[PDB]
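One chain follows as C-alpha cells, the form deposited in one PDB entry.
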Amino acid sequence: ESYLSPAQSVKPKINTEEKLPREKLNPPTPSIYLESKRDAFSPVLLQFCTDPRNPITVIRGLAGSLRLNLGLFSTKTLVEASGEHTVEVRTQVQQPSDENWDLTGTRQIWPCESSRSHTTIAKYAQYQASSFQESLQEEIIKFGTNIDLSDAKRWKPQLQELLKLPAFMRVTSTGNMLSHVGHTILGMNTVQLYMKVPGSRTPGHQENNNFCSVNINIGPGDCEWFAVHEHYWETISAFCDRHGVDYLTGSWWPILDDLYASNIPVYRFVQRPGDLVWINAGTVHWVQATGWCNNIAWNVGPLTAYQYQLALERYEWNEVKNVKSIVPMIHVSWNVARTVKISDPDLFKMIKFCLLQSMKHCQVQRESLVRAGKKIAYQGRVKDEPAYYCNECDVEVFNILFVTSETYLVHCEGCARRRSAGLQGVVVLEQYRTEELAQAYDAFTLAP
C-alpha cells in the first residue's frame, strides 16, 4: 500500500546506542561565511545545506554579501507599503530562552501558553516602538506572526529582492517542489513575515510535510535558535503525549535537560541580522527573539532523495494521524515527473516507485468500481488547477474523485461511501485515463 520503498532509504545511520559525552550533546552549529556571491551561487554550499548530516545551517553575513537590501523589510518600510495589513498577534509571558515555567514559576513544563489576537501592522509597528521606548526609560509580550507578503503588488520590491538569492533558496524555482503544487500554500511558497519584541517565542515544530525552511533575520535584534535532527522527532513527540500537549497541533517548549537526559543532541546558535538560517528537511526547532527584529521565512523543497523521502514519509504519516498534509504529494510527484528532468539517481528511482504505486492504486480503485457496476466518467483537466482533498478527512484525492452537490464537493472512497452506502448521489470521475498515466510513467527517465 505504501508509496515508499524502505529498501530505498537515503537516511543517515544513527544507530547510536552509546551515551554521547557532554560535548556531543552540545554540538557545534554548522556555519558558513560568504565572502562573495560567487560563493553564494556555488554548488558546494548547496551540497552543504542539503546534507542529511546537517540538520540546521547558518550562513554568515549572507545578505551584505549579496548586497540584499533589508531596509525594504524594516518596520518603517512595511507600514508605508501596507499600513492596514492584518497581522496575527501571539500574547505570551517574557521568559529566558531555555526556560518555560508554570504560573507560580515553581517547576518547568513543556506546554507553551499562547493566545491569539489580531491587529494591523500599523498598530503593531507602534507597539514594537512603544515597547523599545520604555526599555530605554528603564535603562507580558506581543508577537507579530504570519504576515503575508503573498501579494506581489504592494510587496513587489520586497519579493524582487529575494530573487537575488541562489536558485535553491528562492520562493519559486523550477527546482523547488513547492513550485510544482500548481497553487498557493501560504507561508510555504509564499513569504511570511514576523515582527518581534524581545522574548518573542515560536514553539517546537516541523515544517509542513518536512520541507526545508529558509529564514532571514531583518535585524537589528538577534534571534536565538534551538534545533534537533529529524531522527529524534518521535521521541520528542513522546514527551508531548506524556504532558498532554499535541505534538503536531500543540504549542510546546522543550525542557532541554529532558532532551539531554534522552541522549539527544541540541543545536543552539544565534542568528544576527543578515544571517540566513537554513533548516534542512525534518529538523525539529523552536526559536526566541533576543532582540527587536523582523524576520522573513518561506519554505523550499529542494530535489534530493532525502528531501523527497522525508516529505513523503510525513505525508503517509499524516494520512495515518488524520491530519492534513499541506502539500499534495502525489499531485506534486506527477506534476514534477512531467515538467522537470532529474539527474539524481536515488531521487529519480524514488519518485518513480511512488508513481508506480500511484498508478497501481487507481487501477485497483477503478477495478473494484467497475465490477461494482459504477459508471466512471472522465473529466479532463484545466490549466492552473488545484490538487483535491476529501471534505471530511482532508486526505488527498488524486485521479478518480467522488463528487456531490448542495455547489460541488469531493470525497475519498471511504468518506463518500459512509455518506451514501452504494455511491448513490455520488459521481465518480477520472482526471486521468489509464493510458494517459501509463505513458507519462515511462516518459519519465533519467537526466545527466
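Numbers follow the displayed sequence, beginning with 1.
Here the subject shifts to the form solved in complex with a partner chain, a form of this protein not shown in this document.
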At 4.5 Å between heavy atoms, is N208 in contact with the partner chain in the bound PDB entry?
yes
Quick one: is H331 in contact with the partner chain in the bound PDB entry, heavy atoms, 4.5 Å cut-off?
no
Given that the partner chain is not shown alongside this chain, does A122 nevertheless sit within 4.5 Å of it in the bound PDB entry, heavy atom to heavy atom?
no
Does at least one non-hydrogen atom of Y194 fall within 4.5 angstroms of the partner chain in the bound PDB entry?
yes
Report the residue, out of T174, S115, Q133, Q160, that has at least one non-hydrogen atom within 4.5 angstroms of the partner chain in the bound PDB entry.
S115
From the list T249, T106, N322, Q94, which entry has a heavy atom within 4.5 Å of the partner chain in the bound PDB entry?
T249
Among 262 to 270, 181 to 189, 372 to 380, 225 to 233, mark the stretch whose residues have heavy atoms within 4.5 Å of the partner chain in the bound PDB entry.
181 to 189
